[PDB]
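Asks: Before we start, here is the structure in question, set down as structure tokens.
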Amino acid sequence: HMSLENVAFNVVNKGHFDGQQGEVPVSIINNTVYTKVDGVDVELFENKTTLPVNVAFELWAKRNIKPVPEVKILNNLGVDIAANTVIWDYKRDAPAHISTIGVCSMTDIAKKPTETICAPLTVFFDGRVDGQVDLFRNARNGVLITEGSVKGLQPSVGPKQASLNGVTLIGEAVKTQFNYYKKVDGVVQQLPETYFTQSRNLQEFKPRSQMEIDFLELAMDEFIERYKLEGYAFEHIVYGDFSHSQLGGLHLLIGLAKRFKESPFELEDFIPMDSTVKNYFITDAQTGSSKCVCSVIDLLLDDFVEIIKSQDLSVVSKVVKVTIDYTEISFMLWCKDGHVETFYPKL
Amino acid sequence: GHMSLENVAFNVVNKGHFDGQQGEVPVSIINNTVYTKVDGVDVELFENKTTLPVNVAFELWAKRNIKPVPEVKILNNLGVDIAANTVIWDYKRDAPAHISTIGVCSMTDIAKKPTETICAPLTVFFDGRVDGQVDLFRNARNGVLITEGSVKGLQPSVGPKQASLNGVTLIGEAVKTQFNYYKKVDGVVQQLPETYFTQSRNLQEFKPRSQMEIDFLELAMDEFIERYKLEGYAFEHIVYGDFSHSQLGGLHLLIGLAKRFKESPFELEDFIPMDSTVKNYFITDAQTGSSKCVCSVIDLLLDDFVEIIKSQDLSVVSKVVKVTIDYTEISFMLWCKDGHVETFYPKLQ
Amino acid sequence: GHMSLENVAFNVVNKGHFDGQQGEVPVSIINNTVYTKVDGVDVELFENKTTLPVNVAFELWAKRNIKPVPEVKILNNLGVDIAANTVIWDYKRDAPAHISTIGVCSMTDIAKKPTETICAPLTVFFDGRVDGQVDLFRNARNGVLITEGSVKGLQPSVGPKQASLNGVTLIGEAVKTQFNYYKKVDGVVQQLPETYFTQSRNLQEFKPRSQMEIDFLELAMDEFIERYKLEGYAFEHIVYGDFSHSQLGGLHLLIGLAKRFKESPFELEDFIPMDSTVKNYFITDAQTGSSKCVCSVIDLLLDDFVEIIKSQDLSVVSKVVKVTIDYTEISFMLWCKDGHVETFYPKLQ
Amino acid sequence: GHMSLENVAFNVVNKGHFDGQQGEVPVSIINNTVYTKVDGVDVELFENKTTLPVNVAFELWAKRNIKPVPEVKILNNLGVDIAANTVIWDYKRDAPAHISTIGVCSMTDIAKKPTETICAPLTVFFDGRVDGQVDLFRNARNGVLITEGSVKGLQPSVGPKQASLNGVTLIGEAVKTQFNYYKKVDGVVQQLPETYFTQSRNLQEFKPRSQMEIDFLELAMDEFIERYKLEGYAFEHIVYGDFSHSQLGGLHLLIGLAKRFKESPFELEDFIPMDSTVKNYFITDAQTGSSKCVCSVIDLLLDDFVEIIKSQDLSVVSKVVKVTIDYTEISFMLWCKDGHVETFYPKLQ
Amino acid sequence: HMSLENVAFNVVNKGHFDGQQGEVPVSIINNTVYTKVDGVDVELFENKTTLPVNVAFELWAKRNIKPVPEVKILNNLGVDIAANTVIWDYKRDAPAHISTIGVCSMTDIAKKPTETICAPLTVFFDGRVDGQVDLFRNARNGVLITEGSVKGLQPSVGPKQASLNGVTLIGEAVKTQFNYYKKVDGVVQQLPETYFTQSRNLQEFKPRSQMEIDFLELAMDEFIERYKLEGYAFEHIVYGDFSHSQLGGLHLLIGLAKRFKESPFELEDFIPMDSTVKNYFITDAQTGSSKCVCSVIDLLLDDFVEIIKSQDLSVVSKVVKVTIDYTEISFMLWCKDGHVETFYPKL
């Protein structure tokens, strides 16, 4: 009893698919799903995916409405597919994964994750659901999240924030802090010690330390003196250089915020997807200094200080690696006669 | 009572039409086309050519009437607005005959039963072969009924010998395709008039139905005219046609086209593709290059055309002649000269 | 290694398919259609009927296999999931036989070589005519192989005489279309069973391949039955067909349709358009008006149908008879009465 | 001067094309299709296959030239860029021959009259049958003219016997389809060369136009060659064709295809669907299975092919032979061996 | 080596077409271009033009990323086509010109602007690029911009502002002030003395003189007295009249701004394109006074005073012409018994 009209009925009553019986009339016209509420057609869903309109409509309706790891985390961890649920990517307005397991006839490749076709794929098990922890144990390749300890297994503490229906938040009414585990070809693997990005937005930026509360509030020369940040080129890397045609540095999201409140600018996101590191096409509207590819990361300023202060400045050029969001990121460090010249994510 | 897209498809894949059987199969909508997955591969089931949503039309098509039914031109002539508890599929247009329904499909329905108030001013088509439809006609304000026999209390009007069975026009033997017709208007039953019927035939597969037609096709021009004493009626112009000048002369009878088509083929464009008593074509003869943009063509049994043309007054020079055909008046234009006929064609709409 | 849309088009415009030649031409994508500009004017190259992106399908079509290849029904029967370093184009559906590829197209590929791990659980089709594919079969877990001759160490199973060459089904003379077949499952080679093959013929251009068929077409009903002593087997019902009632009786053999089609044409709707051993049609006879919604039709050589029907037990009243055809078991339903056969048809899926 | 979508439709529904009559009818645009409402029901009028907006193309189609006009290949060969106060509809592509217009349609027009400055560098097609167009040619920088007779002061070049009348290629009797041609370049009138013309015929309805062709079709191979003393010229290879190997040998003359098509049918794919002097097809013979991806085919009167082949020098082993056909040079490739001809085909573009 | 996949590759790496070699896989589905970044389809471009999806996609990618004259300026000057570049119209999301020269096979009408087909067309040459100045000299019809003097030619100073990737700005890091030149049928032409519009937006309006800083900050009666603006009907023309159903006047963009900060309203731009003079369908949400066609111009208030104070008020009705953005604009002046009644752009 899985039909288009049944999906719609649920959506119109429960706001998502909740397995309730009933039907309502539906009109499919050019990538849009309508229904008839009191004699008039009403838009329910507009397909932006690369899937058929009615397939996507179903998948959207069956999405996971609980806190779940951000898609960038899942990708970094190399997740190919999810197990008995749908992770909706709100940045792209589409599924995170194009194939499913026990969700939708059209997209499914298997009913249960124990089937043989799943072996070479990295499956995401949600430990909050009953008997999923067991399934991980039996699987060849996989990833697990839990809210507490699982006996026999060494945990790796995940990031404080997570996604709840497209909103990134640090919960109090709900737990958004997960333990992570991973397996590869049968063997459990020790995940590395890592930094996490803070997943913040330019229009609603918030500080999370004293050092950041300072950065925003104080002058340039005033900030650098206190924290003894001479020679590290925070003027170039963080604040940015708007004097020439080519925009200099500006690789930290906190630097953009500070600039945005004083003088607004244009940002084009020419690869719209969730990454640890984002490239933007920026054009400053006060001066007219622009840059086509501006690699931007959002670390807590405290962490950026820690990273930059632990490097040796003797050499002229060096590829510096740093584990962030469970992946190695390569920076490029140029120095000159003791001091730092520039330090950015290598493209 | 659970009606879904997947259920319609299931029926279609198993019974070849909607037969009210339970079950489901997976379905993909892309553009104006409906697919289903039969052993791992997507298979085209339906391509929407209507002006309705793809999934609405798909349902309506599936629920079509698969029995003999009057040809759409007959229904239109009789002024039918809507059908009662069924779908009449127009195969010439690849779409429903009527955009609204009664007790068939949620999206298109205006009413459950034809006794509802919204139906009163509409001319409803009742099928008397289905149980208790005859009663419904009796209670209706405006309507049309067909039956296979007598209905006590009512005067019948014998319909045409042919009908449609899944888009095929045929005179049945396994099945009865000859109907009695009845009509009501504002509560009063109406006497339908005495009428001629068109023969609903095609150019590629034309068949004669009388001795006179078997002759026409088989014999020469001068040989046909002498026998049946058809001098002065201008069959050379009206039927055989005149391909000597740039403008194609006459050729208004479908039997005339057939005869020409066997000897030398030509191009016909049907620039208004619909079912009607009189058809206009854009014709271009490929032997000579004589053409005509609007060529009004009717298909009457040749015997009937003789009857019509021989019952007219030839003294006057021009008059508008009316003739009841397929239950509607058709206006012809008759020119004569010094006793004989000059030309006789359907007057352009 | 530089694969682009414009490069595909260039090849298509010059070689008629993708032949790995370098060069480019300008291309316009509008709706589901690919145009190119040949001397100032846009020219249609391809119209997408698949469920894939227009430019993905366009590429895949261009890279299709232009040699004789097994008919898709054979591949499906044998449970083939994917092809190895080529594209098998399904001309009945106007789309690929398989949605995923190996070493053909970036968008659809799941793997470069069939030895990759993701391929293990899938049944791969290797073409033995290409170099070193025979070896790859030997190393594979699940697979199917075709050859033109012997492979040392392996027991062959002779395939059917006909095959597909760019959508045309033919028994070759310039080229060999008869293949040896081999199959493996979970590492173990498997003995394919003794089987009948369908003849893959069309209604408009039917050809006989035995004396018995040359007779069937040419002779009368009572004249055919007496000679071959075919009384009691109900060839009148099963093959010739019964058009006396509303429901069309029998007519389950493609040779029976042909014979009827020459004498009086009819309508056939193929409401599940795909390649399969058994086809269901929605048929409407245009002479009588006898119809049937689901008419299961198979095309066996008449000689084989006699063989099958004559080897059954007639004492019982009803049983499910199985027969291996195109490498798959097909279930028929056999009713008998007081010695003779009543009816014998493919049991509806 | 009031030009609207509804007005175009009105004309189309009444006159079958745009005839400048006033009036309107209601219109529905859905996808790439134009509907109108004739007695309560929507009716398809036009399906857009061009690269232009649906309503722009709809107008342009309606305003097409319905008289005999040169075939598009002739116009292209002569290097015509644009037409003057009319629309030449290309029926092979289902679209205009030229994307821009002069004094026809607001959206596509670049100029009102051909004397405007923007037209100077473009080669304009003037129709001399329309009043005062002959004068316009005289004043133009670059152009082409057709007439039915003499224009005083100018040297004529006799065109081909056939032309297009609403997509039908024919040699007229009701109408004159033989034109005189003239051409100008940068102000100077130019002498067109002596040329052969292709016969523009189809495979399904091929007709002979000489005694030599009537013979070719009717007689055996060895019987035809002996009479006309055609030994050593390799008509076995070039015309009849060689179906013994996998690669199809020769078959470059359209009369050769016809002869083969009557005896055993085959598949032809026209992978570049356009009007041109030389056509490339993807052919697959269904009797043997001999195929060829790119088969260059021309349709000359057999008499002319004999003339061309008999006027060449046979001493050398290989040379590029040029021949003026449809007002353009076509390059053939001639191989010979020890006196006789080996092969002779159009050199691949 | 110009292909769809190559265009995409550049876009994914350089943020625009920069002539770098390489390829990435691409999916075309309904007026949208996707690419596959780490196993998932990502929207790159959505076609809003009247051109084929893949043609427009290429043209967009090859756009000019330097300061260029605003499209209204180009149109006023009668420019038909650009020379070896693409001017992207950000207001319409489409090319300014439908044909090109030496940019894209599908749209090109010629390789070089010296070809004969170009003669009757008004070509835009960019003097900053090498040897374009020469090409202007040889051309029949054209327009040139430079940053300095060209020997032999009389300059006409252009407006202070210009477009940089859709942002209108007065530059400091970059020069947005151009000299203009024009030719017609071989003869060089003297461009007239003109006013320029200020190209400002309602949500981010900024004053550029003392007189404007006053207007915004002060009361109505307070502003009129100081600058001696009695009898000129600034109450009607600038501030606006919201007392009746029909909205009275309000033809200056500075008047809208002042109203918008106090009480917001609806503006429908029923002809969305760049013009010197804009028509809006306005509905004031405080009173309900509306108007279907409200002709609005943005002049520096100082210039509007200058224009209005130089007219003779004796007559009752007069068509007043004023050269703005290199074009004549017709105003309608009604007077009564000495004073002005109304003064608006004539429709």
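Protein chains in written order, with this note's numbering: chain U, 1037 to 1383; chain R, 26 to 374; chain G, 26 to 374; chain H, 26 to 374; chain Z, 1037 to 1383.
Don't be surprised by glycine CBs; every beta carbon is placed ideally from N, CA and C.
State the Cα-Cα distance for the pair Z/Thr1136 and Z/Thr1068, rounded to the nearest angstrom.
Replies: Sequence index remark: in the fifth sequence, residue 1136 of chain Z carries index 100 (1-based). Sequence index remark: in the fifth sequence, residue 1068 of chain Z carries index 32 (1-based). So the alpha carbons of these two residues sit roughly 23 Å apart.
Asks: Within 8 Å, do at least three Cβ pairs link the stretch 191-199 of chain R to the stretch 302-315 of chain G?
Replies: The stretch 302-315 of chain G, when compared against the stretch 191-199 of chain R, does touch it at the 8 Å Cβ threshold.
Asks: Name the DSSP beta bridge partners of Z/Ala1044, please?
Replies: Translated into positions along the fifth sequence, residue 1044 of chain Z becomes position 8. Beta-bridge pairing links Z/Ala1044 to no other residue.
Asks: Tell me whether the stretch 1188-1197 of chain Z and the stretch 1294-1313 of chain U touch, counting them as touching only if at least three CB pairs, one residue from each stretch, are closer than 8 Å.
Replies: These segments do not touch.
Asks: If you reduce the DSSP assignment to three classes, tell me which class G/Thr172 lands in.
Replies: Indexing the third sequence from 1 puts residue 172 of chain G at position 147. G/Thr172 falls in the strand class under three-state DSSP.
Asks: With 7 Å as the C-beta to C-beta threshold (strictly closer), list the residues of the stretch 1147-1161 of chain Z near chain H in chain order.
Replies: Those would be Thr1152, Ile1153 and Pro1156, in chain order.
Asks: Quick test of the definition: if touching needs 3 or more C-beta pairs under 8 Å, does the stretch 329-342 of chain H touch the stretch 363-374 of chain H?
Replies: The stretch 329-342 of chain H is in contact with the stretch 363-374 of chain H.
Asks: Which value, in whole angstroms, describes the spacing of the CA atoms of R/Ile113 and H/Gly281?
Replies: Residue numbering aside, residue 113 of chain R sits at position 88 when the second sequence is read from its first letter. Residue numbering aside, residue 281 of chain H sits at position 256 when the fourth sequence is read from its first letter. So the alpha carbons of these two residues sit roughly 50 Å apart.
Asks: Which two residues bound the contiguous beta strand (DSSP E) that contains R/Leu195?
Replies: In the second sequence, residue 195 of chain R corresponds to position 170, counting from 1. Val193 to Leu195 is the extent of the beta strand (DSSP E) around R/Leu195.
Asks: Quick one: using the 10 Å Cβ neighbour count with 16 as the cut-off for buried, is R/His270 buried or exposed?
Replies: The residue labelled residue 270 of chain R in the question sits at position 245 within the second sequence. Exposed: under 16 other Cβ atoms inside 10 Å.
Asks: In chain order, what residues of the stretch 39-68 of chain R put their CB closer than 9 Å to some CB of chain G?
Replies: Within the stretch 39-68 of chain R, the qualifying residues are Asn39, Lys40, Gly41, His42, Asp44, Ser53, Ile55, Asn56, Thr58, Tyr60, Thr61, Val63, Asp64, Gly65, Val66, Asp67 and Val68.
Asks: Got a sec: which bits of the stretch 178-199 of chain R sit with their beta carbon under 8 Å from any beta carbon on chain G, in order along the chain?
Replies: Those residues of the stretch 178-199 of chain R that come within reach of chain G (Cβ to Cβ, closer than 8 Å) are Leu190, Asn191, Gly192, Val193, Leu195, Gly197, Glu198 and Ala199.
Asks: If I follow the unbroken beta strand (DSSP E) through Z/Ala1132, where does it start and stop?
Replies: Here residue 1132 of chain Z refers to the residue found at position 96 of the fifth sequence. No beta strand (DSSP E) holds Z/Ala1132; DSSP gives it neither H nor E.
Asks: Which class does residue 381 of chain R belong to by DSSP, given the choice of helix, strand or coil?
Replies: Residue coverage of chain R in this structure runs from 26 to 374, which leaves residue 381 of chain R outside it and unanswerable.
Asks: Indicate the three-state DSSP secondary structure (helix, strand or coil) for G/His277 in the structure shown.
Replies: Here residue 277 of chain G refers to the residue found at position 252 when the third sequence is read from its first residue. Note: G/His277 maps to coil in three-state DSSP.
Asks: What number of angstroms, rounded off, separates the C-alpha of G/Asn101 from the C-alpha of G/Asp324?
Replies: Locating residue 101 of chain G in the third sequence gives position 76, where the first residue counts as 1. Locating residue 324 of chain G in the third sequence gives position 299, where the first residue counts as 1. G/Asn101 and G/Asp324: Cα-Cα distance of roughly 18 Å.
Asks: Please report the distance separating the alpha-carbon of R/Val79 from that of R/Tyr60.
Replies: Working through the second sequence from its first residue, we reach residue 79 of chain R at position 54. Working through the second sequence from its first residue, we reach residue 60 of chain R at position 35. Rounded to whole angstroms, R/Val79 to R/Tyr60 spans 12 Å at the Cα level.
Asks: List in chain order: all unbroken beta strand (DSSP E) runs of 3+ residues lying wholly within the stretch 49-120 of chain G.
Replies: If we require 3 residues or more, the beta strand (DSSP E) runs fully inside the stretch 49-120 of chain G come out as 52-55, 58-63 and 66-72.
Asks: Using the rule of at least 16 other Cβ atoms within 10 Å of the residue's Cβ for burial, across every protein chain shown, is R/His277 buried or exposed?
Replies: Here residue 277 of chain R is taken as the residue at index 252 of the second sequence, counted from 1. Buried: at least 16 other Cβ atoms inside 10 Å.
Asks: Which word fits Z/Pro1228, buried or exposed, when buried means at least 16 other C-beta atoms lie within 10 angstroms of its C-beta?
Replies: Locating residue 1228 of chain Z in the fifth sequence gives position 192, counting from the first residue. The residue is exposed, with fewer than 16 neighbouring Cβ atoms inside 10 Å.
Asks: What are the partner residues of Z/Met1247, as DSSP defines its beta bridges?
Replies: As a position in the fifth sequence, residue 1247 of chain Z is number 211, starting the count at 1. Per DSSP, none; premise fails for Z/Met1247.
Asks: Cβ closer than 7 Å: which chain G residues qualify as neighbours of H/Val319?
Replies: As a working note, residue 319 of chain H is residue 294 in the fourth sequence. What H/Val319 touches in chain G: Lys40 and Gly41.
Asks: So, is the C-beta of R/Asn80 closer than 9 Å to a C-beta in chain U?
Replies: The residue you call residue 80 of chain R lines up with position 55 of the second sequence. R/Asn80 counts as touching chain U.
Asks: Is there a Cβ of chain R sitting closer than 9 Å to that of U/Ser1135, yes or no?
Replies: Here residue 1135 of chain U refers to the residue found at position 99 when the first sequence is read from its first residue. With 9 Å as the cut-off, U/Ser1135 does not count as an interface residue toward chain R.
Asks: Thinking C-beta only, is H/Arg234 closer than 9 Å to H/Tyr265?
Replies: Within the fourth sequence, residue 265 of chain H is the residue found at index 240, counting from 1. Within the fourth sequence, residue 234 of chain H is the residue found at index 209, counting from 1. Not in contact: H/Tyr265 and H/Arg234 (Cβ atoms no closer than 9 Å).
Asks: Nearest CA to the CA of H/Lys92: which residue from H/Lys208, H/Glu261 and H/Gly153?
Replies: By 1-based counting over the fourth sequence, the position of residue 92 of chain H is 67. Selected option, being the one with the closest Cα: H/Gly153.
Asks: Under a CB-based cut-off of 9 Å, is U/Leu1080 close to chain R?
Replies: As a working note, residue 1080 of chain U is residue 44 in the first sequence. Chain R contact via Cβ: absent.
Asks: At 9 Å on the CB atoms, spell out the chain R contacts of G/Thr313, in chain order.
Replies: Residue 313 of chain G sits at position 288 when you count from the first residue of the third sequence. Residues of chain R passing the Cβ test: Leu195, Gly197, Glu198, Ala199 and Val200.
Asks: Based on the DSSP output, what are the partners of U/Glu1302 in its beta bridges?
Replies: Along the first sequence, read from residue 1 onward, the residue named residue 1302 of chain U stands at position 266. Looking at the DSSP assignment, U/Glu1302 forms a beta bridge with U/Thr1319.
Asks: In the structure shown, what three-state DSSP assignment does G/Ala136 receive?
Replies: Indexing the third sequence from 1 puts residue 136 of chain G at position 111. Reduced to three states, the DSSP call for G/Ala136 is strand.
Asks: Closer than 9 Å between beta carbons: that is the criterion. Which residues of the stretch 93-111 of chain R meet it against chain G?
Replies: Correct list: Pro93.
Asks: So which residues on chain G does R/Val37 lean against when the C-beta distance must stay under 7 Å?
Replies: Position 12 of the second sequence, counted from the start, is the residue given in the question as residue 37 of chain R. Here the neighbours are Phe296.
Asks: Tell me, please, whether the CB atom of R/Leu85 is closer than 9 Å to any CB atom in chain U?
Replies: Taking the second sequence and counting its residues from 1, one reaches residue 85 of chain R at position 60. Closer than 9 Å: no.
Asks: Since H/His365 sits in a beta bridge, which residues does DSSP pair it with?
Replies: What you label residue 365 of chain H is simply residue 340 of the fourth sequence in a count that begins at 1. Paired residue(s): H/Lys362.
Asks: Going along chain H in order, which residues have a C-beta closer than 7 Å to the C-beta of R/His270?
Replies: Mapped onto the second sequence, residue 270 of chain R falls at position 245. Within 7 Å Cβ-Cβ: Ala199.
Asks: Assign R/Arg252 to buried or exposed, taking buried as 16 or more other Cβ atoms, counted over all protein chains shown, within 10 Å of its Cβ.
Replies: In the second sequence, counting from the first residue as 1, residue 252 of chain R sits at position 227. R/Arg252 is exposed by the Cβ-count criterion.
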